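These notes are about the structure you will find just below.
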There are 2 protein chains.
Amino acid sequence: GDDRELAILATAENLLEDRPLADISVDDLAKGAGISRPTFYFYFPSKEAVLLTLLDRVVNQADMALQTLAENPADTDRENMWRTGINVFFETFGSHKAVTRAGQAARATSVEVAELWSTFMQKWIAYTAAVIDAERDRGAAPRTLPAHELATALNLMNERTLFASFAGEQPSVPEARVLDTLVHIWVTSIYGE
Amino acid sequence: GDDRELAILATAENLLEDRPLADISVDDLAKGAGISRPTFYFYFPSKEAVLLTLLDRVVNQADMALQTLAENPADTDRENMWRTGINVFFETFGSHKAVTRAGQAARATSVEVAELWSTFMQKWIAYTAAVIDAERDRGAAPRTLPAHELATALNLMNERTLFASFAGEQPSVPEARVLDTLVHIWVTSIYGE
Ligand SMILES: CC1CCN(C(=O)NC2CCCCC2)CC1
Ligand SMILES: CC1CCN(C(=O)NC2CCCCC2)CC1
């Protein structure tokens with residue numbers, strides 16, 4: 001049923017680990033999923049549409065994990081507060097590196113993928129800015145830059161730096177160092193004057 | 001002569017302001033440059049090769065401007081030191097937004113463009129790290145993160161945030177606010193404990 005759907009998705013995520021979407025075929029996806037090519041087309045219009053769904057699931061998984069954290073304060077200092085939050089993104093995207101990688105590239109060619117990234121980025125930035133503002137209101141953070149602008153740059157840093165690290169780009173921060181690196185820059189830029 | 005070359009380059013940069021490289025033709029470039037299509041192919045193997053050269057020129061212009069700054073210290077505090085430096089990139093790339101935009105997209109499809117970006121990014125990060133280290137050695141900056149790792153994240157932030165701003169992506173820092181935004185995060189993360 002939608003078991004077939006789940007299978008198409010699992011096959012695509014598995015195949016994306018080995019090669020880019022350009023070198024994966026609908027025949028490849030159908031085969032791996034144990035269905036014919038016409039049956040594939042019943043569930044998805046295109047292999048592009050498969051990636052879109054995989055990216056949607058990863059993005060929503062991150063978002064739901066962040067919502068959980070936001071509802072349950074971990075009983076910490078400001079550094080571990082931000083760390084735990086950044087770590088949601090580090091772990092979620094880091095657990096799905098092939099979807100992350102293919103979904104990042106697809107931004108250039110797919111308006112739907114571009115808009116999905118854009119929608120969630122705006123949400124995560126707004127949440128970052130709300131937290132910074134609450135930190136300023138409680139007297140914990142100084143009123144320096146506009147919170148939303150600061151939040152924008154810090155989120156864009158995270159996007160670029162996490163994904164470079166996961167892809168092993170040259171240059172990149174080693175994956176085992178990237179959390180500490182980002183948390184330092186967040187805590188210093190948010191609390192520093 | 002290489003006047004024709006310069007003309008091909010000017011035409012391409014002009015046309016990239018209006019549409020992506022995919023919708024610009026060799027006939028478009030030849031026409032604008034006042035030459036035939038075979039004459040074009042004498043000077044460049046492909047329209048992809050034209051972009052590569054345009055990107056090479058912009059990247060080297062930034063690099064040369066940074067070398068000039070590095071040879072002549074501006075007589076300032078630490079904040080204006082970093083600002084003047086970031087401003088080299090803000091002004092150089094900001095003066096060539098269409099090449100910036102097309103060259104960023106071309107990373108995904110062109111190994112030569114990927115390697116060009118990568119070579120200069122490594123140079124600029126190494127220079128950033130050298131400056132941070134000299135700041136630490138003089139007792140002006142605390143020994144926090146590994147300088148090279150800090151330098152990596154800050155450069156990757158700048159890349160992503162400048163180029164989002166220039167493209168007017170949603171989300172992005174307004175172009176008129178991006179310099180102040182980046183300088184704050186650099187100065188706080190470099191000098192802060
Ligand atoms: C796809 C991006 C989205 C933003 N990212 C990220 O680490 N920011 C978090 C930090 C903790 C509070 C919410 C936002 C990087 C990955
Ligand atoms: C293409 C990138 C390269 C790096 N960028 C940049 O602003 N960094 C500068 C800051 C001043 C010292 C040298 C490095 C962003 C644009």
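Quick note on naming: the chains in the structure tokens go A, B, ... in the order shown, residues restart at 1 in each chain, and ligands are numbered from 1 in order of appearance.
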Distance-based interface of chain A with chain B, 9 Å, counting only C-alpha atoms, as number ranges by chain: A: 105, 108, 115, 118-119, 121-122, 125, 144-146, 148-150, 152-161, 164, 169-174, 177-178, 180-182, 184-193
Alpha helix (DSSP H) call set, DSSP backbone run, segment 13-134 of chain A, as a PyMOL selection string: chain A and resi 13-16+26-33+37-43+47-71+78-94+97-106+111-134
Surrounding residues of residue 41 of chain B excluding itself and chain neighbours under 6 positions, 10 Å, only C-alpha atoms, as a list in words: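 Everything that qualifies: residues 26, 30 and 47 of chain B.
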Please produce a file of the residues just selected, as a CSV table (one decimal), in the first residue's frame, where the atoms kept are N, CA, C and O atoms.
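Saved as out39.csv:
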chain,number,residue,atom,x,y,z
B,26,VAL,N,25.7,30.4,-26.8
B,26,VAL,CA,26.9,30.8,-27.4
B,26,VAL,C,26.6,31.8,-28.5
B,26,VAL,O,27.4,32.8,-28.8
B,30,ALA,N,28.3,35.4,-28.8
B,30,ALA,CA,29.0,35.8,-30.0
B,30,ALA,C,28.5,37.1,-30.5
B,30,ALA,O,29.2,38.1,-30.8
B,47,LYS,N,30.4,28.1,-22.9
B,47,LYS,CA,29.9,29.2,-22.2
B,47,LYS,C,30.3,28.9,-20.7
B,47,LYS,O,30.4,29.9,-19.9
Spatial neighbours of residue 68 of chain B, 12 Å, only C-alpha atoms, chain gap at least 5 places, as a list in words: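 Final neighbour list, sorted by chain and number: residues 61, 62, 63, 73, 74, 84, 85 and 88 of chain B.
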Suppose we keep N, CA and C atoms; can you now write the selection as a CSV table (one decimal), in the first residue's frame?
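This is the output file result.csv:
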chain,number,residue,atom,x,y,z
B,61,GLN,N,40.5,39.4,-7.9
B,61,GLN,CA,40.4,40.8,-7.6
B,61,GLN,C,40.2,40.9,-6.1
B,62,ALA,N,39.4,40.1,-5.5
B,62,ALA,CA,39.2,40.1,-4.0
B,62,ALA,C,40.5,39.8,-3.3
B,63,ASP,N,41.2,38.7,-3.8
B,63,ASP,CA,42.4,38.3,-3.2
B,63,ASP,C,43.5,39.4,-3.3
B,73,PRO,N,48.7,47.9,7.0
B,73,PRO,CA,47.8,48.1,8.2
B,73,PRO,C,47.0,49.5,8.2
B,74,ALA,N,45.7,49.5,8.2
B,74,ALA,CA,44.9,50.7,8.5
B,74,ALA,C,45.0,50.9,10.0
B,84,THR,N,37.3,46.3,7.8
B,84,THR,CA,37.9,46.8,6.5
B,84,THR,C,38.1,45.5,5.7
B,85,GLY,N,38.5,44.5,6.3
B,85,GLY,CA,38.8,43.2,5.7
B,85,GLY,C,37.6,42.5,5.1
B,88,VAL,N,36.3,44.2,2.0
B,88,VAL,CA,36.9,43.8,0.7
B,88,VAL,C,36.0,42.8,-0.1
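Atom CA of residue 165 of chain A is positioned 25.2 Å from atom CA of residue 52 of chain B.
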Contact residues around residue 3 of chain A with only C-alpha atoms at 12 Å, ignoring same-chain residues under 4 positions, as an NGL selection string: :A and (7-10 or 33-35 or 43)
For residue 44 of chain A: contacts at 9 Å, only C-alpha atoms, fewer than 5 positions along chain excluded, given as a ChimeraX atom specification: /A:5,49-50
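Nearest to ligand 2 of all the residues B:135, B:48, B:91, B:71 is B:91, based on only C-alpha atoms and all ligand atoms.
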Residues within 7 Å of residue 82 of chain A, only C-alpha atoms, excluding chain neighbours under 4 positions, as a ChimeraX atom specification: /A:78,86,183
Given the selection you just returned, output its residues as a file containing N, CA, C and O atoms, formatted as an mmCIF file, in the first residue's frame.
data_model
loop_
_atom_site.group_PDB
_atom_site.id
_atom_site.type_symbol
_atom_site.label_atom_id
_atom_site.label_comp_id
_atom_site.auth_asym_id
_atom_site.auth_seq_id
_atom_site.Cartn_x
_atom_site.Cartn_y
_atom_site.Cartn_z
ATOM 1 N N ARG A 78 23.410 28.709 29.859
ATOM 2 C CA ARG A 78 23.123 29.284 28.556
ATOM 3 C C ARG A 78 23.917 28.569 27.460
ATOM 4 O O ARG A 78 23.397 28.374 26.360
ATOM 5 N N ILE A 86 21.370 23.375 18.940
ATOM 6 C CA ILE A 86 22.191 23.134 17.719
ATOM 7 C C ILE A 86 22.308 21.611 17.474
ATOM 8 O O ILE A 86 22.257 21.151 16.342
ATOM 9 N N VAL A 183 28.860 26.378 18.727
ATOM 10 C CA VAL A 183 28.311 26.802 19.995
ATOM 11 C C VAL A 183 29.107 27.999 20.525
ATOM 12 O O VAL A 183 28.529 28.987 21.035
#
Pairwise distance for atom CA of residue 134 of chain B and atom CA of residue 58 of chain B, rounded to one decimal in Å: 28.3 Å
